[PDB]
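**Q** Here it is, the structure, as structure tokens.
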Amino acid sequence: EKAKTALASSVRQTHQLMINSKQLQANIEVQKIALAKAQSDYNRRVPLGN
Amino acid sequence: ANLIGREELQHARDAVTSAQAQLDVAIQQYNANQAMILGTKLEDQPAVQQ
Amino acid sequence: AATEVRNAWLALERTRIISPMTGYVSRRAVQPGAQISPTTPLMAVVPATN
């Protein structure tokens with residue numbers, strides 16, 4: 001029974017890591033949105049500068 | 001109706017998308033740490049049985 | 001964890017001693033209530049052939 005409990009705990013921890021992956025993907029998405037905005041703002045300034 | 005600048009609307013849409021990304025991050029943070037508490041009852045949790 | 005569970009299962013299943021021979025029981029020395037170890041002689045099996 002002790003060994004079986006250990007197996008269950010290990011399975012749960014692995015599942016937690018797999019979820020953390022998705023969390024990091026969401027963080028990537030927010031950073032990408034920020035970059036896209038900062039890029040859009042700059043392309044409005046070049047024609048004025050010319 | 002062509003009243004406000006386009007960069008104001010762009011910044012509104014970007015804000016909405018960023019907020020959605022942040023909510024996704026929060027939901028994922030919750031989904032992890034719910035893998036540990038899968039078992040409904042406190043007495044049945046793997047740690048206690050050990 | 002699976003390796004640890006398999007070792008536990010083997011240890012549990014080895015609680016039934018099995019005879020590796022088709023013979024006859026000669027010098028029994030094990031009695032119920034006895035405390036035995038992997039070195040204690042329990043009985044003997046002597047084949048009737050060869």
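Ordering of the structure tokens sets the chain letters (A, B, ...); residue numbers start at 1 within each chain; ligands are numbered from 1 in the order shown.
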Could you make a table, as JSON lines, of the residues of chain A that have an atom within 9 Å of an atom of chain C, each with its nearest atom pair and distance in Å to one decimal, counting only C-alpha atoms, in chain and number order?
**A**
```
{"residue": "A:1", "atom": "CA", "partner": "C:8", "partner_atom": "CA", "distance": 8.6}
{"residue": "A:2", "atom": "CA", "partner": "C:5", "partner_atom": "CA", "distance": 8.6}
{"residue": "A:3", "atom": "CA", "partner": "C:5", "partner_atom": "CA", "distance": 5.1}
{"residue": "A:4", "atom": "CA", "partner": "C:5", "partner_atom": "CA", "distance": 6.2}
{"residue": "A:6", "atom": "CA", "partner": "C:1", "partner_atom": "CA", "distance": 6.5}
{"residue": "A:7", "atom": "CA", "partner": "C:1", "partner_atom": "CA", "distance": 4.8}
{"residue": "A:8", "atom": "CA", "partner": "C:1", "partner_atom": "CA", "distance": 8.5}
{"residue": "A:10", "atom": "CA", "partner": "C:1", "partner_atom": "CA", "distance": 7.1}
{"residue": "A:11", "atom": "CA", "partner": "C:1", "partner_atom": "CA", "distance": 9.0}
```
**Q** Show me, as JSON lines, the residues of chain A having an atom within 7 Å of chain B, each with the closest atom pair and its distance in Å, using only C-alpha atoms.
**A**
```
{"residue": "A:2", "atom": "CA", "partner": "B:50", "partner_atom": "CA", "distance": 5.6}
{"residue": "A:5", "atom": "CA", "partner": "B:46", "partner_atom": "CA", "distance": 5.2}
{"residue": "A:8", "atom": "CA", "partner": "B:46", "partner_atom": "CA", "distance": 6.8}
{"residue": "A:9", "atom": "CA", "partner": "B:46", "partner_atom": "CA", "distance": 6.3}
{"residue": "A:12", "atom": "CA", "partner": "B:35", "partner_atom": "CA", "distance": 5.8}
{"residue": "A:15", "atom": "CA", "partner": "B:35", "partner_atom": "CA", "distance": 6.8}
{"residue": "A:16", "atom": "CA", "partner": "B:32", "partner_atom": "CA", "distance": 5.3}
{"residue": "A:19", "atom": "CA", "partner": "B:32", "partner_atom": "CA", "distance": 5.9}
{"residue": "A:20", "atom": "CA", "partner": "B:32", "partner_atom": "CA", "distance": 6.9}
{"residue": "A:22", "atom": "CA", "partner": "B:28", "partner_atom": "CA", "distance": 6.8}
{"residue": "A:23", "atom": "CA", "partner": "B:28", "partner_atom": "CA", "distance": 5.4}
{"residue": "A:26", "atom": "CA", "partner": "B:25", "partner_atom": "CA", "distance": 5.6}
{"residue": "A:27", "atom": "CA", "partner": "B:25", "partner_atom": "CA", "distance": 6.7}
{"residue": "A:29", "atom": "CA", "partner": "B:21", "partner_atom": "CA", "distance": 6.6}
{"residue": "A:30", "atom": "CA", "partner": "B:21", "partner_atom": "CA", "distance": 5.5}
{"residue": "A:33", "atom": "CA", "partner": "B:18", "partner_atom": "CA", "distance": 6.6}
{"residue": "A:37", "atom": "CA", "partner": "B:14", "partner_atom": "CA", "distance": 7.0}
```
**Q** As a ChimeraX atom specification, please: all residues of chain C that backbone DSSP puts in alpha helix (DSSP H).
**A** /C:2-13
**Q** Might you pull out every residue within 9 Å of segment 22-26 of chain C, with only C-alpha atoms counted and same-chain residues fewer than 6 positions away left off, and present them as a compact mmCIF listing (two decimals) with N, CA, C and O atoms, in the first residue's frame?
**A**
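Saved to selection_16.txt:
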```txt
# COMPACT_ATOMS: atom_id res chain seq x y z
N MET C 43 11.54 -28.29 5.11
CA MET C 43 11.31 -29.70 4.87
C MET C 43 12.21 -30.11 3.71
O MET C 43 13.10 -29.35 3.30
N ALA C 44 11.99 -31.31 3.17
CA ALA C 44 12.75 -31.79 2.04
C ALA C 44 11.82 -32.42 1.01
O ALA C 44 10.72 -32.88 1.35
N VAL C 45 12.26 -32.44 -0.24
CA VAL C 45 11.58 -33.14 -1.32
C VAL C 45 12.61 -34.01 -2.02
O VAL C 45 13.65 -33.52 -2.47
N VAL C 46 12.32 -35.31 -2.11
CA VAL C 46 13.21 -36.28 -2.73
C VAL C 46 12.47 -36.89 -3.91
O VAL C 46 11.43 -37.53 -3.72
N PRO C 47 12.95 -36.74 -5.15
CA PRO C 47 12.26 -37.38 -6.27
C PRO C 47 12.36 -38.89 -6.18
O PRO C 47 13.26 -39.45 -5.55
N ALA C 48 11.40 -39.55 -6.82
CA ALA C 48 11.35 -41.01 -6.84
C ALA C 48 12.05 -41.60 -8.04
O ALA C 48 12.05 -42.83 -8.20
N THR C 49 12.64 -40.78 -8.90
CA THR C 49 13.34 -41.24 -10.09
C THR C 49 14.75 -40.66 -10.12
O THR C 49 15.12 -39.82 -9.29
```
